[PDB]
Each structure stands twice: as C-alpha cells, then as structure tokens.
Amino acid sequence: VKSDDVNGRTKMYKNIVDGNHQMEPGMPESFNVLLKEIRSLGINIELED
Amino acid sequence: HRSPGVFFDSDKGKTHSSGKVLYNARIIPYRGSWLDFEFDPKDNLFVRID
Amino acid sequence: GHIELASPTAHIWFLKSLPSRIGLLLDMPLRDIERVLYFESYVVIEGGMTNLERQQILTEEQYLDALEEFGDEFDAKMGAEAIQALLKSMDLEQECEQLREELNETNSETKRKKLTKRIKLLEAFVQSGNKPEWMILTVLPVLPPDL
Amino acid sequence: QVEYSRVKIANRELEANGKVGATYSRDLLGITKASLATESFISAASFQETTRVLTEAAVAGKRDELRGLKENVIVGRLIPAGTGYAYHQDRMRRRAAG
Amino acid sequence: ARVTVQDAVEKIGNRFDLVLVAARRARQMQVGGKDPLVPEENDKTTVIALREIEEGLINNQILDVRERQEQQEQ
Amino acid sequence: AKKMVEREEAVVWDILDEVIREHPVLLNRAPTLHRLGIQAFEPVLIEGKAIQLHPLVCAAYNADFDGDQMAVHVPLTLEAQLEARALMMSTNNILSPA
Amino acid sequence: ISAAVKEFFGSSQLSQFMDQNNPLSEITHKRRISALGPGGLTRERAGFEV
Amino acid sequence: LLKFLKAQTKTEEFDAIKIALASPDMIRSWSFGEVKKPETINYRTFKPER
DNA sequence: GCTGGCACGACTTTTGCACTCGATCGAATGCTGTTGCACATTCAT
RNA sequence: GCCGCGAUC
DNA sequence: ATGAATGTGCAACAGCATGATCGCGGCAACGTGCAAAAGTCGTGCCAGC
Ligand SMILES: [Mg+2]
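Residues numbered from 1 in each chain as written, not as in the entry; some residues may be left out. Chains lettered and ligands numbered in written order. Part of a larger assembly, values for the part shown. Heavy atoms only, no water. Residues with missing side-chain atoms left out of burial classes, pairs and counts.

**Student:** What should I look at first to understand the overall build of chain H in this one?
**Tutor:** A count of helical and extended segments in chain H gives one helix and three strands. Start at the N end of chain H and walk to the C end: the helices and strands fall as β-α-β-β. The C-alpha radius of gyration of chain H comes to 18 Å, more than 25% above the 10 Å expected for a compact globule of 50 residues. Expressed along its principal axes, the backbone C-alpha trace of chain H runs to roughly 45 × 40 × 20 Å. (Helix = DSSP H or I, 4+ residues; strand = E, 2+ residues; numbered from the N terminus. Rg over C-alpha atoms; globule rule 2.2 N^0.38 Å.)

**Student:** Help me out: how do you make sense of the overall build of chain D in this one?
**Tutor:** The helix and strand tally for chain D stands at five helices and zero strands. Counting from the amino terminus, helix and strand elements in chain D follow one another as α-α-α-α-α. The C-alpha atoms of chain D give a radius of gyration of 17 Å, which is well past the 13 Å a tight globule of 98 residues would have. In chain D, of all internal contacts separated by at least 6 residues, the share reaching a separation of at least 24 is 21%. (Contact = heavy atoms within 4.5 Å.)

**Student:** Please clarify how the packing of helix α2 (residues 17-31) of chain E against helix α3 (residues 45-54) of chain E should be interpreted in this entry.
**Tutor:** Packed helices, taken two at a time, are described by the angle their axes make and the gap between the axes. Residues and elements named next belong to chain E. α3 packs onto α2 with a crossing angle of 125° between their chain directions and a minimal axis gap of 8 Å. When the axis of α2 is compared with that of α3, the two are oblique. In the packing of α2 onto α3, the handedness of the crossing is right-handed. Along the contact surface, α2 presents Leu-18, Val-21, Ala-22, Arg-25, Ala-26, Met-29 and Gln-30, while α3 presents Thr-45, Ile-48, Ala-49, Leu-50, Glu-52 and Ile-53. (Axes fitted to C-alpha atoms, helices over the stretch in contact; angles between N-to-C directions. Parallel < 35°, antiparallel > 145°, perpendicular 65-115°, else oblique. Left-handed = near helix turned anticlockwise from the far one by under 90°.)

**Student:** How should I be thinking about the sheet that holds strand β3 (residues 71-73) of chain F in this particular structure?
**Tutor:** Within a sheet, adjacent strands bond to each other through the backbone by hydrogen bonds, running parallel or antiparallel. All names here are of chain F. On the basis of which strands lie adjacent, the open sheet formed by three strands has the order β2-β1-β3 and antiparallel pairing. Looking at the sheet topology across the chains shown, the edges are occupied by β2 (38-41) and β3. Strand-to-strand, the axes of this sheet are offset by a mean angle of 30°, without reference to chain direction. Examined bridge by bridge, strand β1 (residues 25-28) and β3 share three bridges and lie antiparallel to one another. Its bridge partner lying in β3, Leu-27 is registered against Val-72. (Pairing = 2+ DSSP bridges.)

**Student:** Could you clarify how one ought to interpret the packing of aromatic side chains in this entry?
**Tutor:** Centre-to-centre distance and the angle between the planes together describe a pair of aromatic rings. Between the aromatic rings of C:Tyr42 and C:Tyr63, the centroid separation amounts to 4.6 Å while the plane-to-plane angle is 55°, which identifies the pairing as tilted. With C:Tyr42 in the loop between α3 (30-37) and β2 (43-45) and C:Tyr63 in helix α4 (residues 60-69), this residue pair connects regions lying 21 residues apart in the sequence. Centroid distance G:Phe8 to G:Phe9: 5.2 Å. Interplanar angle 50°. Geometry classified as tilted. The ring centre of H:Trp30 lies 5.5 Å from the NZ or CZ of A:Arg39, which sits over that ring. (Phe/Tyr/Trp six-rings, centres within 6.5 Å; stacked < 30°, edge-to-face > 60°. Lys NZ or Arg CZ within 6 Å of the ring centre and 35° of its normal.)

**Student:** When you look at the sheet that holds strand β2 (residues 24-28) of chain B in this model, what are you seeing that I'm missing?
**Tutor:** Residue and element names in this part refer to chain B. Taken in spatial order, the four strands line up as β1-β2-β3-β4 in an open sheet, and their pairing is antiparallel. Two strands lie at the open edges of the sheet, namely β1 (5-9) and β4 (45-47), each paired on one side alone. Shown here is a sheet whose adjacent strand axes are inclined to one another by a mean of 20°, direction ignored. Where β1 meets β2, five bridges bridge the pair, whose relative direction is antiparallel. For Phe-7, the partnering residue across the bridge sits in β2 and is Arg-26.

**Student:** Would you mind showing me how to read the interface of chain F and chain E here?
**Tutor:** Often the size quoted for an interface is simply the accessible area lost on bringing the parts together. Every contact between the two is made by 15 residues of chain F and, on the other side, 20 residues of chain E. Elements with a contribution of two residues or more to the side of chain F that touches chain E: α2 (10-20) and α4 (78-86) of chain F. The leading source of residues in the side of chain F that touches chain E is α4(F), at seven residues. In terms of residue class, the side of chain F that touches chain E is made up of six nonpolar, three polar and six charged. (Nonpolar A, V, L, I, M, F, W, Y, C, P; charged D, E, K, R; others polar.)

**Student:** It is not clear to me how the pattern of salt bridges should be interpreted in this structure. Could you clarify?
**Tutor:** Any two side chains of opposite charge can pair, so long as their charged atoms come close to each other. We note a salt bridge from D:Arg52 to D:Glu49, for which the minimum N-O separation is 2.8 Å. Of the charged contacts, one joins F:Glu79 and E:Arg27 as a salt bridge, the two residues approaching to 2.4 Å between their closest N and O atoms. Here F:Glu79, found in helix α4, pairs with E:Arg27, found in helix α2, and the two come from separate chains. Each member of the salt-bridge network shares a partner with another, and the members are A:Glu48, D:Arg63, D:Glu65 and D:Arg67. (Salt bridge = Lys/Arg side-chain N within 4 Å of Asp/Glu carboxyl O.)

**Student:** Please explain unusual backbone geometry as it appears in this structure.
**Tutor:** With the exception of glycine, the majority of residues adopt a negative phi angle, and the majority of peptide bonds are in the trans configuration. Phi is positive for C:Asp27, close to 55°, though the residue is something other than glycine. Along the chain, C:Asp27 turns up in the loop between α2 (21-25) and α3. With a phi close to 55°, F:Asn62 is a non-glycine residue in the positive phi region.

**Student:** What is the right way to look at the arrangement of the chains in this model?
**Tutor:** Counting contacts across all 12 pairs of chains that touch, the top pair turns out to be chains E and F. The two units chain C and chain F are non-contacting; their minimal C-alpha-C-alpha distance is 29 Å. The two units chain E and chain H remain apart, with a minimum C-alpha distance of 22 Å.

**Student:** How should the packing of helix α6 (residues 92-105) of chain C against helix α7 (residues 111-128) of chain C be read in this particular structure?
**Tutor:** All names here are of chain C. Between α6 and α7, the least distance of the axes is 10 Å, while the angle of their chain directions is 150°. It follows from the interaxial angle that α6 and α7 lie roughly antiparallel. As for how α6 packs across α7, the hand of that crossing is left-handed. Within the contact between the two elements, α6 uses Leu-92, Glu-95, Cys-96, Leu-99, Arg-100, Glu-102 and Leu-103 and α7 uses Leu-115, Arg-118, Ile-119, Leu-122 and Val-126.

**Student:** When you look at helix α1 (residues 6-18) of chain A in this model, what are you seeing that I'm missing?
**Tutor:** Given 3.6 residues per helical turn, the α-helix brings residues three or four places apart onto the same face. Between its first and last C-alpha, α1(A) extends 19 Å over 13 residues, near the 18 Å set by a 1.5 Å rise per residue. Phi for A:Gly19, located one or two positions after α1(A), is positive at around 105°. (Expected span 1.5 Å × (residues − 1).)

**Student:** When you look at the environment of F:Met89 in this model, what are you seeing that I'm missing?
**Tutor:** With respect to the secondary-structure elements, F:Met89 resides in the segment after α4. For the pair F:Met89 and F:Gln39, spaced 50 residues apart in sequence, the C-alpha separation works out to 6.1 Å. Ignoring any residue separated from it by four or fewer positions in sequence, one finds F:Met89 in contact with E:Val3, F:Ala40, F:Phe41, F:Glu42 and F:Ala84.

**Student:** What is the right way to look at the side chain of F:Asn92 in this model?
**Tutor:** By the element assignment, F:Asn92 lies in the segment after α4. Among all residues touching F:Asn92, those that are not within four sequence positions of it are E:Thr4, E:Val5, E:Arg15, F:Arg85, F:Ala86 and F:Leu87.

This is the structure in structure tokens:
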C-alpha cells in the first residue's frame, strides 16, 4: 500500500482522511511488471486460481 | 600508471597447487599490442600475444 | 503484441547454459548444436535407405558428396528449421522405455549419470504436458510500451 | 526432500504393505547449493542465478504454492509467521474443506 | 498509556494473538458502533484496547460471544 | 485543509500534537544487521532539526553521533501500530536474540 | 580535433569538479595522484598489494 | 450499459503461481495485434506510429 | 445602401504503397563449481 | 534513464 | 603381448563478491510517382445593420 498498489495508495489515503485506518490491500504493480517481462520471453507464467 | 617496459613476475607460485612457481614476463608498451611469455607447469614456453 | 520471425530461431535460454536443455535432449554436444545453428554444417534426418545416420553431422563437402551419390532420400537442412524437424520427429514415450532398458540392462558409473539425467528430463517433459519443439520460437512476443 | 520422504514412509507403513517403505540415505549440501534446490521456484530464483533456475523450472512446468516467507514477500501477501501466521492457518482449513 | 504490554500479554499469552485481538477491538471502537469499557484518559483507541485486555475485560472468546449476541439481537 | 497546512497556523501545530500523542513510529539505521536494528519509539516533538535518540539503544543500533542518520518510517494502520507497540517497542526487546 | 580535446577536458575519468571549500581543498586536489583512469585499473581490480 | 467497475475487480483471488513453456498459439493469444515497422514515433505529428 | 460570415470550381497537399539498392579496443579481481576431453591403467583374449 | 567523479556513516 | 574400456586428472567456461544516504557534470538512431482522397484557396452567395 505504500509502494506499488496503484489503487491501494488512493484507497488507504481516503481511509486515513476519513479516519478508518483500514488495510484494504492489493497486488503490487512491480510483480505485474515482472510477469509481463517474463511473458515477453519464451516462458509462460500465470496465476492459478 | 604502470610504466612501459619489461616486467617479470612469479604469479605467487600457486596456480596449479603443485608448488611449481611459474615465471612470466610482460612487454607493456605505451601504445600498441601487448606481448607475454609464460612458463607451463611442464616447463613449456608459451607466448600470449595480445 | 507479437512479431513473426518468418523463420524459426533458437532461444538462448535453452541453448547456451551449462546444463543445456537441447544439448542433453538430443545426445549431441553443445559445440555441434551451436555449429549447425549458424549454418556452418548440415544435419540429415531419416534416410533409412541411405547409409547416413539419424543424427549425422555431415559438413558441406559431405553434403555435395551425398547429393552426388545418394541423391534423393537425404533430408538435410542448415537452419534451426532442421532442429524443429528433428524435434517433432522424436517420440518421447518410445525413447523413455528404450533408455530405461539400456540403463537397467547395462550398469556403468560413467553412462549412468547422463542416462539418469536424460530419463529425468524425458519424464518431466512427458508428465508436464509440454512439447520439445517449443524451445525454439517462431513468434516472438514484445513488452508493453509503457514498461 | 526428507519431509516428502517421511510422509510417504509413514503412509506406506500405516497400510498393511509396510515393506513398500524405501530406506534412504541423508545428504548434506552447502548453503549456496541447498538454497537453490528448494521445491518452489519463486524462491531460489530471487537469490542466485535466475537464468538457470527459470529454465529448470520452465521445462518441468512446476508450481510455487507460496509456502515460505520469500515467496509471500514478493507477492505482497501476509507472510506465514508471527501475526500473519494465524491468517494463513485459517486459509489452509478452507482450502482443504473445499 | 501503556509503556509496556507485558501485563496485557500475560492475560492471553502469545504476543501474536494479542495484536490481532487489540486490532479487532480498536477497529470496533474506531469505525463506530462501540464504546470503551474502561475509562478513557484522552489516549488513542489502541492503548484503550490494550488496557481493556490487560484488565482482563476483553478476550477472544468474549469478543466472539458479544458478536454472536449482537447478531442474535438483530 | 491543504492550504492551511501549507500556511502552518498554530491550530495546525496543536492538531499535529493531538495526532502524534500515542502513534508509535519506528526508526532504523542504514546497515540493518540484526533484528534490533529497527525499533519503534513513541515520538516527542522537539523544536529542532535532528532526531534525538535514547543513549541506551545506541549499542543495539551500533550508532554513534558523528554524522549518523536514521530513517523514520510511520506505521499507519491499526494492525501496524499494534505490531510496532507490542513487538517493536524499545522497552519490549531488552535481551538480544543471539 | 576540437571534438576529441573537448571530450577529454569535459567528460573524463580524471577531470572532476574541483573542491572549493578552503584553499586547502583546492591545493590538495590540484596535486592529486590517481591510480584510476583510462590506462589505470578498476576499483574492484585493485588487490591488497596495490 | 454503465456502472462498470474494472479497476477494483482487477484484483482476483489466486494461489500457486504456475510456470511453463509458452506455445506460439498461446503467445498469439496474449498478443492483440502485430508489429511490422521499426520506427517508434513520427516527429511530423508527435504521435505514435501505425 | 453598406457590411460580414457561408458554399463551389479549380489548385495543392498528403498518403498508401510496397518496391528496390544500399580500426581501436582494453586487456590486469580471486574464488569456486561445472563440463568436456585427453591420458594412464587394468582387464580380457 | 543512466554513466562517470567526489563525499558521509 | 596388445586392444579396449574405464577412471582419473587437467583445462576452459559460467556466476559472484555489504547497506543506506548526499552533491556536480554529459549523455541516439531513406526515396517514388501516381491514384485516391482530402484539404485549401480564389471566387461568388444571402442575411444583418
Ligand atoms: Mg559513526
């Protein structure tokens, strides 16, 4: 929520301004960039359900 | 920087771990290609040109 | 996005590494597989009627000699398309039991390690559902522009 | 892995056919070598040579399952330790129960 | 305020579940729908929950039964 | 609120003092060697420009005041504040875990 | 010629911003001995003997 | 045809990242088009190419 | 009667288009692990 | 998006 | 006595060598002619003051 969550940052800023102090986390953009980078090679990486 | 000339070295005597000290010579010029002489563990003259 | 290469090229992930995947899959050394990749030498396939072997490393001069003598029945290519052709023709399941029988029948500390490595790779490939022809890629993906 | 061998030995010995259990020989490896051989590829690819680990993970078609601490830190979920250990205990039962 | 949480820790001794219990109690007291059960001395909700735990008046079991009673009332 | 925070009126200072009251903040040094190299303190505002560190924790931090700098990370969640109070407070870890 | 001369004078391993705190820094920077540079050795390359 | 949310729903449940080789058909599945020109942007309009 | 924004018949610009020919370098870090190849040895006939 | 150079602990 | 298989030893190639800060500079790769369309310019138009 401090570094790479594009929606997490805004959500947690709104929560603090409201005064909620709720986590509501997500998925960092850095790992998505890494997944796109590896997929750009011949290796396929996906997230199983 | 290293002065151009002729430099002899012993390579500390620990390359093949056999205790055989190996003497090598270098010809460092101000400009151009290098030239080295190298002593094998089997006492063979090897020249490492450039 | 993607780009089509209009000709199959080889991936350096599986070619140039100390435990080369294509190296030990084809039972040929890294030097040979690198030489054929750059069109320096040819490799023939099939050729049961002719005296050429399945994985021959005949050079250019041997290529014209075979063409003059054997003529037809000699299927040799110089590019990575040859690697695709020989990789598709390989029957992984049939080779698995053949190498298993060779390993259990004859015992020797030298060939046992390489045989075990090849058997492990073959079993992993047949179990994982992958295919060996996918190592060398014909369509190359590209990174998104924002990255 | 000895942990994988132990459960197989216990399961085989639990049934009637106890002789199926296979004796093993424990091995010792250095830290640089033992770390790279872990059953999860997301870890051991963020410590040493990644070109080697990815291909040996690519051809095998393996899975990570995010069991250790390094994998969960990379993804950004709660690590299975300390305060986050309880949260990973609740999730395990739900997955097993369906 | 509580300079040390040892008194609260020994009430429910894990040093790890205490954090979760205090977080739940502070969430209840902060997002609304709850009032402190211990006199409030201008301090924040975190130390109020910790002092409730230390006094032995807030625990996981009784938190669950209070939630169940609230659900039953509604 | 933005404009008056930039203008830094006195009531903004009073509200900052109200917010700070019991929000633990955790300081750390650059080469975080062991787990005691990042500890959570309770901030007291000073009319100054440098962090004032307690002399006792210098041995744990391996910090001496000859130009040393430390980072100040703010735990901004209820779970994070409890973790920084019940696990990271300086009064909590007195015995070195070695 | 001008391109090479200006490239050497402006962007080189051994032509740096001069220190200007006190005359002492300028004095000790002008008469400075550097083992690095184009013909020199890399920082990682230097052993304990050098 | 309004009130559609895609940024929040982008966070999906997952577990056990899986890695495998990429098929050419699978690669084409990822791709949404083609690239045939080696230019990046045309300075005539300061816009991306075709 | 005086004045100021709309369309039409040539000029003028753009774009598909896919089609070709066209030296001078730094060389200098150990430390370890791995793989391949050459040679010495030993066993069989 | 770096590369060199200098500096602090 | 000699050939072949095996094990051992040696040489070449690959990865890797702390963390966090602050301050100054310097810094890459066309063409082609015509249809076909589109845009533009000089020109004439009605509607408001
Ligand atoms: Mg100091």
